Amino acid sequence: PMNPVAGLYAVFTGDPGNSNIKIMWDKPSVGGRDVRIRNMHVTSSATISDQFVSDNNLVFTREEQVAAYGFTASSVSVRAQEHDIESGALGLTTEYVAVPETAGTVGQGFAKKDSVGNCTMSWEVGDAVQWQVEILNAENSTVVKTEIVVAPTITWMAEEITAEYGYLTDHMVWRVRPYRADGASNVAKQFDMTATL
């Protein structure tokens with residue numbers, strides 16, 4: 001017998017409603033089975049879209065879910081339908097309540113400056129694989145560089161810093177958004193520490 005989709009939760013890649021969600025399920029032992037992709041409104045459980053991808057975890061466009069809802073997807077409930085390709089029979093639709101998923105706490109960032117002049121921002125990997133980081137220097141209080149880096153450590157070249165400001169920065173602030181291995185993410189958590197030589 002076909003099994004209803006299990007382990008289903010909206011896997012936010014950022015802010016709830018401003019990021020992609022992933023349909024996750026355990027692949028059944030029965031071959032040739034894929035899960036339909038849709039999401040339910042809170043009030044009436046409306047269907048957002050319909051597509052079939054064999055991948056166990058897959059990103060879903062945020063614009064489509066926002067357009068179907070008409071507002072930010074802060075609270076969602078997810079429905080998924082599993083289809084057997086060989087038989088061609090669409091299975092029972094399974095709607096389950098979904099809660100926002102938050103990634104593990106980011107490693108406490110450490111700001112240090114080397115003798116060369118590079119401002120090295122290092123936070124341990126911990127339980128997060130990649131992070132969304134916005135980098136702002138405290139002297140100018142502007143986010144000069146914004147990038148989502150998988151590397152646990154961020155190093156800014158001394159040449160680039162000298163070109164940007166003319167001298168090395170002593171204090172510099174950063175914000176990190178965690179991402180677990182499965183792709184779950186939490187609201188940005190800010191760590192601030194002065195660079196130490």
# chains A, B, ... in the order shown; residues from 1 in each chain; ligands from 1
>>> residues_around(residues="residue 180 (chain A)", least_positions_apart="3", cutoff="12 Å", atoms="only C-alpha atoms", output="ChimeraX atom specification")
/A:11-14,101-106,125-132,150,177,183-186
>>> write_last_selection(atoms="C-alpha atoms", output="compact mmCIF listing (two decimals), in the first residue's frame")
# COMPACT_ATOMS: atom_id res chain seq x y z
CA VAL A 11 12.20 24.09 5.34
CA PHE A 12 12.78 27.84 5.35
CA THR A 13 16.03 29.07 3.82
CA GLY A 14 15.81 32.43 5.59
CA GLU A 101 12.10 25.29 11.32
CA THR A 102 15.12 27.10 12.75
CA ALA A 103 18.73 26.15 12.08
CA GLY A 104 21.19 25.42 14.86
CA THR A 105 22.87 28.27 16.70
CA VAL A 106 25.74 29.83 14.76
CA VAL A 125 31.20 25.37 11.92
CA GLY A 126 29.19 23.89 14.77
CA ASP A 127 25.95 22.38 13.50
CA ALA A 128 25.49 24.76 10.53
CA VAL A 129 27.06 24.18 7.11
CA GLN A 130 26.56 27.61 5.50
CA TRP A 131 25.52 31.07 6.64
CA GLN A 132 23.97 34.21 5.17
CA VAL A 150 29.64 28.37 2.94
CA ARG A 177 21.94 33.60 9.40
CA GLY A 183 18.79 23.58 4.51
CA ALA A 184 16.72 24.76 7.47
CA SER A 185 17.40 28.37 8.43
CA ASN A 186 16.67 30.76 11.28
>>> select_by_dssp(residues="region 16-186 of chain A", states="strand (DSSP E or B)", output="NGL selection string")
:A and (21-22 or 33-40 or 47 or 51-53 or 59-60 or 77-80 or 82-84 or 90 or 94-97 or 110-113 or 119-122 or 130-137 or 142-149 or 153-156 or 172-179 or 185)
>>> closest_residue(among="A:195, A:76, A:99, A:6", to="residue 56 (chain A)", atoms="only C-alpha atoms")
A:6
>>> closest_residue(among="A:19, A:146, A:108, A:43", to="residue 191 (chain A)", atoms="only C-alpha atoms")
A:108
>>> closest_residue(among="A:188, A:2, A:173, A:30", to="residue 112 (chain A)", atoms="only C-alpha atoms")
A:173
>>> atom_distance(atom1="CA of residue 1 (chain A)", atom2="CA of residue 45 (chain A)")
25.8 Å
>>> closest_residue(among="A:137, A:72, A:47, A:18", to="residue 111 (chain A)", atoms="only C-alpha atoms")
A:137
>>> atom_distance(atom1="CA of residue 119 (chain A)", atom2="CA of residue 170 (chain A)")
8.7 Å
>>> residues_around(residues="residue 58 (chain A)", least_positions_apart="3", cutoff="7 Å", atoms="only C-alpha atoms", output="VMD selection string")
chain A and resid 22 to 23 55
>>> residues_around(residues="residue 139 (chain A)", least_positions_apart="6", cutoff="8 Å", atoms="only C-alpha atoms", output="PyMOL selection string")
chain A and resi 169+171-172
>>> closest_residue(among="A:15, A:84, A:156, A:174", to="residue 29 (chain A)", atoms="only C-alpha atoms")
A:84
>>> residues_around(residues="residue 91 (chain A)", least_positions_apart="5", cutoff="12 Å", atoms="only C-alpha atoms", output="number ranges by chain")
A: 1-5, 33-36, 80-85
>>> decode(residues="region 36-70 of chain A", atoms="N, CA and C atoms", output="short mmCIF file (atom, residue, chain, number, x, y, z; two decimals), in the first residue's frame")
data_model
loop_
_atom_site.label_atom_id
_atom_site.label_comp_id
_atom_site.auth_asym_id
_atom_site.auth_seq_id
_atom_site.Cartn_x
_atom_site.Cartn_y
_atom_site.Cartn_z
N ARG A 36 4.21 14.95 -5.23
CA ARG A 36 3.74 16.21 -5.77
C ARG A 36 4.05 17.35 -4.80
N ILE A 37 4.26 18.54 -5.35
CA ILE A 37 4.67 19.71 -4.57
C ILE A 37 3.51 20.70 -4.53
N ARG A 38 3.01 20.95 -3.32
CA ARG A 38 1.98 21.96 -3.09
C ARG A 38 2.01 22.36 -1.63
N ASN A 39 1.34 23.46 -1.32
CA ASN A 39 1.31 24.01 0.03
C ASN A 39 -0.08 24.58 0.30
N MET A 40 -0.53 24.46 1.55
CA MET A 40 -1.90 24.76 1.93
C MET A 40 -1.98 26.09 2.65
N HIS A 41 -3.02 26.87 2.34
CA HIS A 41 -3.31 28.08 3.09
C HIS A 41 -3.80 27.72 4.49
N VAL A 42 -3.59 28.64 5.44
CA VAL A 42 -3.97 28.37 6.83
C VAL A 42 -5.49 28.35 6.98
N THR A 43 -6.17 29.30 6.34
CA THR A 43 -7.61 29.46 6.57
C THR A 43 -8.42 28.37 5.87
N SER A 44 -8.08 28.07 4.61
CA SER A 44 -8.92 27.20 3.79
C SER A 44 -8.15 26.08 3.09
N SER A 45 -6.84 25.98 3.32
CA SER A 45 -6.01 24.94 2.71
C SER A 45 -6.10 24.97 1.18
N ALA A 46 -5.83 26.13 0.60
CA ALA A 46 -5.81 26.25 -0.85
C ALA A 46 -4.51 25.69 -1.42
N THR A 47 -4.56 25.27 -2.68
CA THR A 47 -3.41 24.69 -3.36
C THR A 47 -2.63 25.79 -4.06
N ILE A 48 -1.31 25.80 -3.86
CA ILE A 48 -0.48 26.84 -4.45
C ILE A 48 -0.06 26.46 -5.87
N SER A 49 0.61 25.32 -6.02
CA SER A 49 1.11 24.89 -7.32
C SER A 49 1.13 23.37 -7.36
N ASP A 50 1.55 22.83 -8.50
CA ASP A 50 1.61 21.39 -8.72
C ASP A 50 2.76 21.07 -9.65
N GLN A 51 3.76 20.34 -9.13
CA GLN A 51 4.87 19.87 -9.94
C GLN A 51 5.43 18.60 -9.31
N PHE A 52 6.12 17.80 -10.12
CA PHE A 52 6.67 16.52 -9.70
C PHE A 52 8.18 16.53 -9.90
N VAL A 53 8.93 16.33 -8.82
CA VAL A 53 10.38 16.21 -8.86
C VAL A 53 10.78 15.01 -8.02
N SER A 54 11.68 14.18 -8.57
CA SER A 54 12.04 12.93 -7.90
C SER A 54 12.94 13.18 -6.69
N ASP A 55 13.60 14.33 -6.64
CA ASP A 55 14.53 14.62 -5.55
C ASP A 55 13.81 14.63 -4.21
N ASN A 56 14.43 14.02 -3.21
CA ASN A 56 13.79 13.87 -1.90
C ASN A 56 13.55 15.22 -1.24
N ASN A 57 14.50 16.14 -1.36
CA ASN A 57 14.36 17.50 -0.85
C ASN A 57 14.59 18.48 -2.00
N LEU A 58 13.68 19.44 -2.14
CA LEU A 58 13.69 20.33 -3.30
C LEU A 58 13.21 21.71 -2.89
N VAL A 59 13.86 22.74 -3.45
CA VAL A 59 13.49 24.11 -3.13
C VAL A 59 12.22 24.49 -3.89
N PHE A 60 11.41 25.35 -3.27
CA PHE A 60 10.16 25.82 -3.86
C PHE A 60 10.20 27.34 -3.92
N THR A 61 9.73 27.90 -5.04
CA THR A 61 9.79 29.34 -5.24
C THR A 61 8.97 30.09 -4.20
N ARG A 62 9.57 31.12 -3.61
CA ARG A 62 8.88 31.92 -2.60
C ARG A 62 7.84 32.83 -3.23
N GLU A 63 8.12 33.33 -4.44
CA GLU A 63 7.19 34.25 -5.08
C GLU A 63 5.84 33.59 -5.33
N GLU A 64 5.85 32.31 -5.73
CA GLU A 64 4.60 31.61 -6.00
C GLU A 64 3.77 31.45 -4.73
N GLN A 65 4.41 31.06 -3.62
CA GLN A 65 3.65 30.87 -2.38
C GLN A 65 3.13 32.20 -1.85
N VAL A 66 3.92 33.27 -1.98
CA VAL A 66 3.44 34.58 -1.54
C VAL A 66 2.28 35.05 -2.40
N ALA A 67 2.36 34.84 -3.71
CA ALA A 67 1.27 35.24 -4.60
C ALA A 67 0.00 34.46 -4.30
N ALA A 68 0.13 33.15 -4.07
CA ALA A 68 -1.05 32.34 -3.77
C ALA A 68 -1.65 32.71 -2.42
N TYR A 69 -0.81 32.91 -1.40
CA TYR A 69 -1.31 33.35 -0.10
C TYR A 69 -1.84 34.78 -0.16
N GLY A 70 -1.14 35.67 -0.84
CA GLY A 70 -1.42 37.09 -0.78
C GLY A 70 -0.72 37.81 0.35
#
